[PDB]
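What follows is a single chain, given as structure tokens, in the form deposited in one PDB entry.
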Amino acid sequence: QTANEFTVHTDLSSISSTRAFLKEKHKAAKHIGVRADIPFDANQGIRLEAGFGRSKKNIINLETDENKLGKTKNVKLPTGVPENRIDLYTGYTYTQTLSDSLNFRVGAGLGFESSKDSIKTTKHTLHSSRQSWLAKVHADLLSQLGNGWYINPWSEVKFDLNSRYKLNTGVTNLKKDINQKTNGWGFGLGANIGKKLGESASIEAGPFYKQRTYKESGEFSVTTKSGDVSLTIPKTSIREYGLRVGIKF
């Protein structure tokens, strides 16, 4: 008597990272997701989400070992847009009717993000990884426009509780893998316009903007036949602009 709502969506976006050598920065990305909003007190609810995203990576070779070559200064040390990523989220929600035309919902919960990227170097094919446990808060408004039409501006903010960057370098004779804590945060903003058509079913669409940042890691070193070497995982800043299309059951 205040229904379960299930939304499946797809986004098409332009995503870019933080490159320091006049490179092409933009990548096409796509994400698919499902959200379940399940009421339990009918002011209060649970929100669950799962998602899967991809961007194409194009093979670009690099001349380095362990992944830091013959001379120290700066040249790898891979970060940027992930090739594949999955996200999961579970949280609680609270919804208030502001007027007969307007609903206000806020929520908070726990999220998990895991992504992978493949790197091909002369000697190796390495895989980088970013795995993050995070806290997320979200807020949105649902305003009725008439005839079943609605607009739904939304926002969310997240911050890492424990986010780690990994690179399977022990495979490229450092004999040791890289696993460094790299906490950050992110935010998202958008607005959907939709049409609630003939009971329980809605179609909606709208633009969105997202930003994700990971802080530079603490210092660490590795073992090279030609030495110890100092490494930092670089501050990483991702920006996404896109179009989301969703179906709400």
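Between two forms, the rigid core is defined as the largest C-alpha subset superposing within 1.5 Å. Residue positions are given as counts along the sequence shown, with the first one as 1.
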Higher-B stretch (mean Cα B-factor, as the entry records it), 117-125 or 95-103: 117-125
Segment of higher mean CA temperature factor, 46-54 or 178-186: 178-186
Of the residues 67, 192, 213, 217, the one carrying the largest Cα B-factor as recorded: 67
Member of 81, 141, 88, 171 with the greatest C-alpha B factor (per the PDB record): 171
Cα B factor band for residue 38 (lowest, middle or highest third within the chain): lowest
Third of the chain, ranked by Cα B-factor, where residue 203 sits: middle
Lowest, middle or highest third - CA B-factor, residue 29: middle
Chain third (lowest, middle, highest) by recorded CA B-factor, residue given as residue 77: highest
CA B-factor ranking of residue 162, expressed as a third of its chain: middle
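The form deposited in another entry is left out here; the points below concern that form.
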From 163, 152, 93, 79, residue displaced between the shown form and the other one - CA threshold 2 Å or more, rigid core: 79
Large Cα move at residue 44 between the shown form and the other one, threshold 2 Å, rigid core: no
After fitting the core, residue 216 CA displacement of 2 Å or more between the shown form and the other one: no
Displaced residue check between the shown form and the other one: residue 28, CA, 2 Å or over, core reference: yes
Sense of CA distance change between residue 216 and residue 60 in that other deposited form, threshold 3 Å: closer
Direction of C-alpha distance change in that other deposited form, residue 234 to residue 71 (at least 3 Å): farther
